[PDB]
Structures are given as structure tokens and as C-alpha cells.
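A, B, ... follow the sequence lines: proteins, then strands. Residue 1 opens every chain. Only this structure's heavy atoms are used, side chains among them; waters, hydrogens and symmetry mates stay out. Numbering of ligands and ligand atoms starts at 1, following listing order.
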Amino acid sequence: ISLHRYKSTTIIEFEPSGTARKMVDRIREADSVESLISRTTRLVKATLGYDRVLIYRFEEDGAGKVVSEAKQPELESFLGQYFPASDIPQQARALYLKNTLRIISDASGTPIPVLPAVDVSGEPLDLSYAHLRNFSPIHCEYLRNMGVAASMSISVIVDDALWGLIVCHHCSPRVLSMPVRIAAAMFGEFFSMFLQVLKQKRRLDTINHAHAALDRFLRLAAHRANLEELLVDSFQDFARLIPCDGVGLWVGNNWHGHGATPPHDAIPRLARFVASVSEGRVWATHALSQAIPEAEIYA
Amino acid sequence: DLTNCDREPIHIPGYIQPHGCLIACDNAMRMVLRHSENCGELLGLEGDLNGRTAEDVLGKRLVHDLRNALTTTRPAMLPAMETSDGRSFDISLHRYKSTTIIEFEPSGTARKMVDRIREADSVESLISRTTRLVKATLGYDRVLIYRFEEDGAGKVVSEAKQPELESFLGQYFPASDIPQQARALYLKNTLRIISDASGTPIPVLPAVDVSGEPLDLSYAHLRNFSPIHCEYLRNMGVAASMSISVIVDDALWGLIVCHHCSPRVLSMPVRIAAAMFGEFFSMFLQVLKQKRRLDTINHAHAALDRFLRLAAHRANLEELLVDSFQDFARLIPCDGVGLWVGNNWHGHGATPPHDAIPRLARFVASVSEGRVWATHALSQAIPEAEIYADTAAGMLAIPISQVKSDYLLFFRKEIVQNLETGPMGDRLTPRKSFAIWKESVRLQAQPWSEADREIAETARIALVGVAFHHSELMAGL
Amino acid sequence: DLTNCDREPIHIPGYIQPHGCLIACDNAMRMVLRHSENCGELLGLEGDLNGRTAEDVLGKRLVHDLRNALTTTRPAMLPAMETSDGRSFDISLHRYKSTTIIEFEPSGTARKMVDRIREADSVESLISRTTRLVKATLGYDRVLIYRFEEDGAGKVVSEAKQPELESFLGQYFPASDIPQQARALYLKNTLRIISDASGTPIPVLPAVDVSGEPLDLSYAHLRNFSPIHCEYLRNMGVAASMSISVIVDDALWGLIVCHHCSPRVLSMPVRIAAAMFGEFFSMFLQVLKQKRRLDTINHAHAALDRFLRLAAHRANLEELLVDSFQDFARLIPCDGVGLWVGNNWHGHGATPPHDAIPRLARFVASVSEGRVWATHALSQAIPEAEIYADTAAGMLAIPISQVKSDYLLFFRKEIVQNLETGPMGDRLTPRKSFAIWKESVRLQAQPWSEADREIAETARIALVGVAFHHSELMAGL
Ligand SMILES: *C/C=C1/C(=C/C2=NC(=C\c3[nH]c(/C=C4\NC(=O)C(C=C)=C4C)c(C)c3CCC(=O)O)/C(CCC(=O)O)=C2C)NC(=O)[C@H]1C
Ligand SMILES: *C/C=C1/C(=C/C2=NC(=C\c3[nH]c(/C=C4\NC(=O)C(C=C)=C4C)c(C)c3CCC(=O)O)/C(CCC(=O)O)=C2C)NC(=O)[C@H]1C
Ligand SMILES: *C/C=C1/C(=C/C2=NC(=C\c3[nH]c(/C=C4\NC(=O)C(C=C)=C4C)c(C)c3CCC(=O)O)/C(CCC(=O)O)=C2C)NC(=O)[C@H]1C
Ligand SMILES: [Cl-]
Ligand SMILES: [Cl-]
Ligand SMILES: [Cl-]
């Protein structure tokens, strides 16, 4: 029996009837985000027995990326693929901030009406926290089209926000019993915590590395009479500071480029543009043709 | 009024300081719309300037050069400009809300100054040397750095002064002493001068134009300051001042504040050098704060690792915590720390009395919800904590078990333990401000910073994780 | 008497505590020379024991085993020994000044205790956990660690106590409160017990033998303590105590001191475990002090290198010092630092007033002789410094030029700012001791340690060397 209160209605759900610790021991020593997420799909699949287990990470715009996968050999791979923000709608992502573990037992099953659906005073039954809640028929149809009959997902919560989901698919109907769900929720909470710390350590390492690289350049500047020449000789090394595919230097109205940059003759227009919006601050875009229409050609 | 401080509209006083004159023109600079009453005197003109053309008043040569200097709302600085008469002025020119404002002053510093701060390797080293350096360079009798606390209260964090003057170092003043609207202005104009706090101000004619609009002097360096502040200064024996806004991560971190005991103006070239210095000072401070925070987080991560390394060689994690918990005081600045485990308390340093702990622990258990929970005003949460405020007025609580209500508790002492008049009255003195501040922070401790809270959360995860890993050894016990 | 404290001959009181009995024999243990008055009672004997043979009194079996246990003057511990009667005792046996002393008590602890301190990684972590651990293990109402200052004054540096008892933490007491001869005894006997501070002591018969010699009880655990100390304890509400000598680098660093508010004896097995613990505690503390000193010196060397690296990129070493000198506060713990160069002063933190500096600098120039010069009692050197003692009561001066009388000056505040009766009177209370100490250190600061002085000398060489290297650039200026 699962029992809760929400909006002052009581909801009782009935299912006719060291896992977590052992699982968490197998991820606690991960020392990078990639090591954590790679091993987790493999581990969740072995433990819970789902045909496919994915980790789906939210981009900043809400689009999702499949960042890890473990699957039966005959099933297709979704690894490295992205899906639109709309595929997991806004209200779905809000629900998943409340209920951290969700089950669909049978995507082709026949759902069971709540009697009455609307009470005498005009209120529906809010099933936000009910594990027996029936899912959108849009999503259920999405699953059937994939050959998926059942699923389970765990919300991954990092710094109080929805970072992503652990998503399990089965090609035949499947329910997790309450003790198994409890163990898996517990696992998901530790996974979330460890991921959060690993992301934070990665960011620190990244900032520390950048500070040391700046110091190395400044140490060279202190032995050179001509700082401009030094920059012309050295600027490619600034690609180490920030992940990029190209970098260049615009100094004294002359350009020097390295890696993937706009064509040489498109630079003066770009530099005029930068001069007009920078205002002496860092200025950045991921959609350059929205700023400069002519940049579409070298996108 | 002295209570509704943040209401005074200081951007539209209707007056300028006497060390220059001002002309207001339309957007295109064709007609004179307003002028300060002293324009005739300084420019050698007569009668009502308003309604005459810019060219009639200033001549075609000067008006031509001024139009060409226009091209956000950052004032153009034009030294040694001449009127048709031959009189020479330093001219500041800007546009705001589509009115043009022309200010007239009858008339490698920055690089050398910045070289003397660029190698500072700590925030304290930067701020200490800067007051000393600004005083030597600009010659003000007193130079202070005033840092804003998170609630807006100010703290004097560095000082250089004539030996006979009183020290304000380590003192705090209420948020209201530099009102909200003042702090907003200082986000726009980064350098401000008061030439003579006892001088006679000069009206702008007209103060309100025909359509009911005042002249917005937000960006005008000749803007006259609030008479409340000017009276505050006279009570201190201060006749002139200059302040530089310190901007860190796009916000007002504080001020460099210079006081002189006699009247004093900085010429335009000197103001320009000092603004430039202030911008480099701001940038360097920002980087130094960021490096300090990194060092702090890195240190905390290494300390957690050292503890976890010990946990991996111990059969009994609870005993280890009982023996080790005092070392967690290294993670976060505090005056005391303690451990609540298996319904037993162990304390170190300044903590509530032993017998007040179970009430505190019940409280923590009811609000934590398995997260870090912190306050700098413990008596607001638990009325009975007022009695032990002198020892522990702030608390931060870290859950250390996913399953049990065990916690590591950090404490801080109440903050008070780590430390002429004019017609408007004695409110306007540093002594009264400081007393008002002290009264405002009674029963309160220094707030837990964002860094403190980030460290706590990292610690929570470390400790909750190792507890879970040891959970069957401990149930075996 | 309460003034000539160090005269009382506490090694020869002529009395033992009532929780055991004592027999004194000759070197070979053939004859009884002395006995405590309670021997008849505890051993089941009658009359004058002196003159009877060890075998007549104790039986041949026991005397045989005692001879065999003899083999510096560290007492042999023989638990559960039986007399011919069948009465069972824990026996402590030793020889000193060729008298044999037999003490009778009617009758993995250490390893487990030591495991709980062995991983301490700082002096503060070691001492904090030890009071807590000793209290839990041995059950005394209060356990303190009392550390000797260089002048012999004591400081309570750690404490664990019943909640209702008063705290002594952070308090200091005069050197005289643990006299010279007491500290010498505690260098020999490392563990001491007082069972009952209100008990009735037991005379040794005879107290002086026929040839005029007292019985030297230096190594006897039943030795009765000075009535001055026993009265001090009763005034505190303390009925029993135990102390362990803490020996670091062959000297008495301090004491672990346990107080009980009711009578209390530790059995021989418990004393043995606690002595063993104390020896490991001493060893670990010694290593931790040594590591701390190394870390401190290493840190200072790296800070000097950072400054020298800056000097190598600057054309004007004096300007660099004027901008940087506050950073030298990192080298040596201080409350203020300043720079006297070219007959001009620059200060930071708590320093003498600006106008008192030239007198101070003349003084330094006359005693330095090109070496580090330091005092913790500045008014003894310069009478006029008494007035600013609250801000600067100690000074350490580092020459920074081989040729000119330029100095870097470190300062410390006066120490007071960083903080029932029986027939013999109110002198014998912690309140009075603490007040006496406070009075004794007026106008004085915390002494400059050997580490401080080693760092200063290294700094002198660094600064004098870089000054010489820059000397022709600076004369060019
Ligand atoms: C116009 C609406 C659409 C839509 C809505 C929708 N999706 C929901 C849940 C949901 N979608 C996904 C997406 C995927 N799962 C996959 O395995 C893959 C593989 C490529 C994709 C793209 C997930 C993971 C989930 C959550 C699953 C879970 O178990 O929590 C929901 C909410 C369903 C609910 O009742 O909670 C909605 C309303 N999806 C669409 O594609 C469109 C068109
Ligand atoms: C009810 C209103 C009050 C008030 C208003 C006020 N203060 C303003 C400027 C201002 N205040 C300070 C405070 C100090 N300066 C000091 O040196 C000390 C020393 C102890 C204190 C407390 C500063 C630094 C400034 C800014 C100075 C500058 O040059 O920029 C202003 C704005 C003035 C303006 O026209 O810009 C206002 C309206 N001060 C009060 O004390 C109360 C009562
Ligand atoms: C003029 C003589 C005085 C004097 C003499 C004295 N003290 C001795 C032992 C001793 N003193 C202390 C001091 C304290 N213990 C405390 O708990 C506190 C608390 C504030 C204080 C100040 C200690 C720890 C000891 C040693 C205790 C132990 O168990 O070893 C002795 C020697 C006693 C002996 O026979 O060994 C002497 C002679 N104390 C005075 O206060 C003055 C006046
Ligand atoms: Cl990520
Ligand atoms: Cl800061
Ligand atoms: Cl020490």
C-alpha cells in the first residue's frame, strides 16, 4: 500500500503482493561524470533487468541528449541522439520534480477509470503523487511505436533542478514491486548526489586549469618587450581555455586565425560588429547568423 | 525627514556645486533650455541664457566641436576648450533622457598607480595598499574603503589618514546611511566629487521646465548632493570628498571614499586618471575574490578527502566521528562545532549549553528535511536561544545520515563580540550610525556566505554517502 | 607560608594516602625499616613491624617473588599478590636511594584508547579529542589539559566536564601554582593519584629514622600530597584527582589533569593502561608539534620566495616594500606590522601611534646591531610605550638593509586583550590564581617563539640580500 495526502485528499494505492546499498557501492568511487553515467546504465540494466536503460540529459534549452545506454544487442541504439524540448513537455518536467520514480506497466494495457472523474463540486482527482497514475496517451503511443511495452524512469536532481532522467524500457509488460521500487529510488538519490559533486569537481578542475594557463601566458608577457608580437605568436594557445573549434586575434586592424574560423575576408565585418556591441565586455552567441545575416554562408 | 531615507530624489536636486557651471540644451544642441545661475559670471555673459541658441551663447566653433564629440550615456571629456570669448574650460558633455548637458570647469598617472596594485595576491593586500596609495597620490586627508555587507550595511575595511584624525577602521554603518537610490546612482556615475560641503549651491534656471519636468542630473559631475549627506560631512569636520564606485561582477561591492578637512577639487585630468585606476582596482579585486573562493573550495574538498580516507580504514564510523568532528571546523569559518549522533551531543568551541541541545536538535529535525539548514539569527527560530546568544547566535546544520536524524552543527557567536551637530540633529554622526547598526544586529551572527553553504552541501553528500556505505557495519554494531 | 612555594619538600611528607599501606625495607629486602601506621589493619598484623624480617612479616613465598621482580628506578607492578595470610593485594615495588619501598593496594584498554588518537593530524585535534576520550574511558567528572608556557605559567588548552561544572578553558595560572619541585617530581613519576582530598593521611613510622633521614617517597604512588594543593582542591569542590605528565623532547610540556567531585581510586590495571596511553599521547604530540613547526617554516620560505620573485621584476625596491609590507604579517603571527624606511613610517593593523614611531626607531637603531631584536614587554625598553601598550605591547624588529637603519617592525597587543575557602585563605582558588596571572602580564604581549625568531632571521637575510642587490639602482634613484 502506498499512502499520501495532497490538496487535502487522501490517496490509497494497492498492489496485490541490501540491494540499494550494493548498487550504490558500485558507483560511489566513480571519479568523473562520464565514468559515473557510463557504468550506471550497465549496472541498472544488470540489476533491474530492463531490455534497455538510457540516461537522458537536459540541455539548457530543455532539449534532451542520450548520454549513456545499455541495451539488448538486437535493439537499436539511441546513443548521442537529441530530442526536442517539447518531447518531454514543461508540465511533465514539473511533475518529475515531485515524483522521482515512475512506472508504466503496460503501454498497451486497458486503463482503469476513477469513479467519479469529476466530483460533485467540479474538482478532478489530482494524481500528481500517485504511482498508479495513467500516463498521457501521446507518450504511450510514442512507446508502442518504439516496440516498448513498459518503462520506468528516475528523476536525476542536481542543485535542486531536473538534470535528466534514467529511463528504462522493456519490450514486454513489466512491473517493479514496491521493495524493488524503494531500492531503485534510493539508488537514484545517491546517483543524483554523486553526479552533483562530480559536476562541481569537474567545473573546479576546469577553472583551476584555466587560471594556470593564464598565469603561464602572463609569465611570458613579463619577459617580452613587444606584447603584440607575443600575442600574434601565442594566441592559438588560448584555445586551451575554452572548448572551441577555432580561435583568432584581431589586433591593430589585422586578423590572425587558427582552426575553424570565418573566411579571412569576412573578418572586418565581424570585427566592426563586435566593436559595436561588446561595450568593453565579453560578448557571445551560439547563433551567429542572427547577429550578422552574412554569417549564414560560413556557418 | 530622517526615517524614509530612500525617498529623496537626489538625481533632481535643482542645484549644482559652485566650482563649475552648467548649460542644458535639446537633443540636437540647437537651443539653450536651462542654465545655472552662475553661467553669466564664469562665461562672461549677461541676462537670461534660455531661448538663445547654442551658437549665440558659445559660438559656432565650440558648438561644432561639441556636436562632433557626442556619437551608452558615458560623458565625453573635453579638456582645454575655449569659448568665442577666449575663456578656457574643461568641458564634460553628455546626453540623457534626450536632454544635452554641458558642464564647464574653468581651467602616466593612472598606469603608474595601477602598476603598484597589479601584483597584489590577496584581497587584503589589494585593499590595504590602495588606501595608502590613493592618499599619497591624490593628497586627501583620509581615504577609506567601505565594503557592502549582503544586507547593504557598510564596513570600513581599509583606511589611510592624517595621524591626528580619528579612525573608522572596522566600524559598520546601517544600510540606510547610503540609501537605495544613492547606490543605484553610483552604479551609473563611478566617480563623484563634493568640492565644498559648506559652499553655497547654484540653482539651475528653471528647476522645473514649462512642461513640468525637472532636470535629471544623474550623469552630471556638478550635481549638488543631498543636504543630509552634506550635513553628515560637516559634522565630521569634512569639507570635501571624492568617491569611486567599486564594481564587482556587475554589482556595487563598495566605495573608495576620500575625505578632505578643507575644500578641494580634482581637475578633469586628475579625475580621469582616478576613474581609470578605480576600474583596474575593481577588475583586480574581482579576480582576487574569485581566486580566494576557489582556494577556499579546493581546501575544503581536500579536507573532506582526508576524512574519507580515514573512514575507509575504520570499522566503526560513529566512533571516528566522535573522535574527529572538531576537525570539520576547518571546512567553514565558525566559533564552534558539534555532533549530534544517536541522540547524544559532543561539542567543541563556542556552542549552546549542553542541556539546550536536545531542543535545538528537535528543531533541526523538524525543518532540515534532509537538507542543509542555516540561520544567522537563532533566537528568531528558537526563542529560548536568546539566552545563549553571546556564545552561539548563528547555526548551520548538516545532515549526516540519509536514514537517521544525525547532524553536524556549526555555530557562530553574536557579531558584537568579534569586533558637532547641525540643525537636523545628532543622527548625522558616525557615532550614532555605528550605535544604530550595533543595536540592529543584536542576537545575530555573521551570515553564512554562499561559499559556506556550497561547502556544507558538498560535505552533506560526503557524509551521507560514507554513512550509507558503513550502514550494515553500524547496524551490526 | 604561601609566598615561598618552591621550598616545600613534597618528596618527604612523612605520610601516605589511606587507600593503601607501605613498607620500607633495606636494599636487599631483609629487614623492615619503616611502615605506615595502617599496615597492621590491612595486612592483619599487630604491633611494631620495624625490626622484624621481611619474611617474618610477609612470608618467604612473597618475599622471594618480590626480590625476583627487582632487577632506572621504575616501579615493578605486581597485581594479585598474596601474603602468607591469604589476603590479596596489588603491589608496587621499587628501589630509590638504596631503600626498598613496597606499596599494597587491597584488591586492550590502552591499545583501544591509543587507536582513537593515533590518526590525529594536528595538535588541536589531538588535545581536543583526548580530554573527551579520557573522560569517557576513565569516568572522571572533569578532564583538562594544562600546557606550560615558557615562563612556567599554565594554560588550560582542552577540557571535558560534567555540564553543571564550571569551565576553566582558556584560563591561565601562575608558575608558582605548580611549583618548581613539583614539576621536577612529575618528570620522574608520570602518573599520580589523590584518592580523597578530605581523607585522613597515614603517618610513616618513623618519619625520621635513627640516623636523621626522612623517607623519600618520590616514586611512591601512595605519597601524600602537599596540604596546600589538597586545600586548593577542596575549595574547588574536588575530592579526588589523577594527573599524567606529558613529556615532549625530554621536558614537561604539560599535564592531563582529571578531577572528581567525590572520592575515587584507579586500580593498578587501570593505572597501567592510563600511563601507557599517556606515553603514546606524549609521543604523538611531539611528532605533531614537530610537523607543525616544519609546515610553518616551509610556508614562510615560500612566502619569502614569492616576494623575492616580485623584487626581481621591479626597478624600485623601496616602492615595492611600501606597497607590499603588510604581506609580511603572513610570516610571523602578529597583530600589526610596519615599515621604517628612509626615515618614514608606514603601518598596518595594530601598531604604535604614528608620532611615537621615530622614538621607537631610534631605540631599535641603538640596540639592533644589525640583528633581529625582539621583546614581549616593550615598556621595559621604552617607558613611554606604556601608554600605547593596549595596541602594541610586544615588538620584533628585522633589519632590512646592511647599510641603512631601515627595519620591518612586527607588533603584538598586550595579552589581556586576546583572551568556599579553608583556613589558608582565598589565595587557593582558580579565581585568585587567574587574577594574579593577569596582573603579572600587564603591559606584556605573547612572547615571540623560537620559530618566530628563526623565521625573522631567514627574512633578515632575504631582505638584506635583495637590498644589497638593488643598492645601485636605489642610489641611482
Ligand atoms: C505534443 C506532446 C509530445 C509528448 C509529450 C509527453 N512526453 C511525455 C513523457 C516522456 N517523453 C519522453 C521521450 C522519450 N523517451 C524515449 O525513450 C525517447 C527515445 C528516443 C524519447 C524521445 C520520456 C523519457 C518521457 C518520460 C517518461 C517517464 O517514464 O517519465 C509526457 C508525459 C507523460 C506522463 O503522463 O508523465 C508527455 C505529455 N511527447 C512527444 O513526443 C510529443 C509529440
Ligand atoms: C535618511 C538618510 C541618510 C543618509 C542619506 C544619504 N547618504 C548619502 C551618501 C553617502 N553616505 C555615506 C556614508 C558615510 N561616509 C562616511 O565617510 C562615513 C563615515 C563613517 C559614512 C557613514 C557615503 C560614503 C556616501 C556617498 C558619498 C559619495 O561621495 O558618493 C546620500 C547620497 C548623497 C548624494 O547626493 O549622492 C544620501 C541621500 N545618510 C545618513 O546618514 C542618513 C541619516
Ligand atoms: C605556594 C604554593 C602553591 C601551590 C603549590 C603546589 N601545587 C601543586 C600541585 C598542583 N597544582 C596544580 C594547579 C591546578 N590544578 C587545577 O585543576 C587548577 C585549576 C584551575 C590549578 C591552578 C596541579 C594540576 C597540580 C598537580 C596535580 C597533580 O595531581 O599532580 C603542588 C604539588 C603537590 C604534590 O604533593 O605533588 C604544590 C606544592 N599551589 C598553589 O596554588 C600555591 C598557592
Ligand atoms: Cl553535465
Ligand atoms: Cl570581499
Ligand atoms: Cl604546543
Side-chain angles (χ1 to χ4, degrees), chain A residues 32-34 36-37 50-60 62-69 71 75-105 107 111 127-128 130-148 150-156 158-159 161-170 195-203 206, chain C residues 122-124 126-127 145 147-150 155 157-158 246 248-249 251 253-254 285-293 296 449-451:
Chain A
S32 72
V33 168
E34 180 58 19
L36 175 58
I37 66 171
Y50 279 85
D51 288 324
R52 183 202 299 284
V53 182
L54 296 184
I55 292 173
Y56 191 100
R57 184 186 72 198
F58 296 113
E59 293 298 305
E60 296 304 306
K65 184 187 188 179
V66 175
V67 292
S68 179
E69 176 179 69
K71 61 170 186 78
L75 299 173
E76 58 173 333
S77 183
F78 295 128
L79 184 66
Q81 289 184 22
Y82 293 76
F83 312 99
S86 68
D87 284 17
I88 301 186
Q90 208 55 44
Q91 77 281 24
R93 303 209 288 274
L95 255 200
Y96 306 164
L97 214 49
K98 295 181 161 89
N99 256 15
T100 67
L101 194 144
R102 296 166 295 290
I103 293 293
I104 301 171
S105 58
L127 291 169
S128 285
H131 74 97
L132 294 174
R133 180 184 67 90
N134 203 59
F135 275 63
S136 161
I138 303 295
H139 182 59
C140 284
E141 180 158 333
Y142 201 106
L143 296 176
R144 295 193 297 273
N145 292 339
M146 295 173 68
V148 173
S151 75
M152 175 186 73
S153 61
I154 297 163
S155 299
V156 181
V158 172
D159 302 312
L162 188 65
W163 175 95
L165 302 175
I166 301 176
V167 177
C168 310
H169 292 339
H170 213 58
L195 174 63
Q196 171 178 312
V197 167
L198 287 167
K199 273 169 60 71
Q200 163 177 79
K201 284 165 149 77
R202 177 178 58 187
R203 192 176 194 286
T206 296
Chain C
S122 72
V123 168
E124 180 58 19
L126 175 58
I127 66 171
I145 292 173
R147 184 186 72 198
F148 296 113
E149 293 298 305
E150 296 304 306
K155 184 187 188 179
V157 292
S158 179
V246 181
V248 172
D249 302 312
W253 175 95
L285 174 63
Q286 171 178 312
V287 167
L288 287 167
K289 273 169 60 71
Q290 163 177 79
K291 284 165 149 77
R292 177 178 58 187
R293 192 176 194 286
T296 296
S449 70
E450 284 199 10

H139(A) and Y142(A) aromatic ring geometry - parallel, tilted or perpendicular at 30°/60° bounds: parallel
Amino acids contacting ligand 1, non-hydrogen cut-off under 4.0 Å: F83(A), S86(A), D87(A), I88(A), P89(A), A92(A), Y96(A), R102(A), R133(A), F135(A), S136(A), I138(A), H139(A), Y142(A), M146(A), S151(A), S153(A), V167(A), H169(A)
Beyond-backbone contact of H131(A) with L101(A), side-chain heavy atoms, under 4.5 angstrom: no
Within 45° cone of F135(A) ring axis and under 6.0 Å: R102(A) NZ or CZ: no
Pairs involving residues 138-148 of chain A, ordered by first then second residue, that meet salt bridge (charged side-chain N to carboxylate O under 4.0 Å, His left out) (sequence neighbours left out): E141(A)-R144(A)
Donor-acceptor contact below 3.5 Å, side chain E69(A) vs main chain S77(A): no
Geometric class of the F83(A)/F78(A) ring pair [parallel <30°, tilted 30-60°, perpendicular >60°]: perpendicular
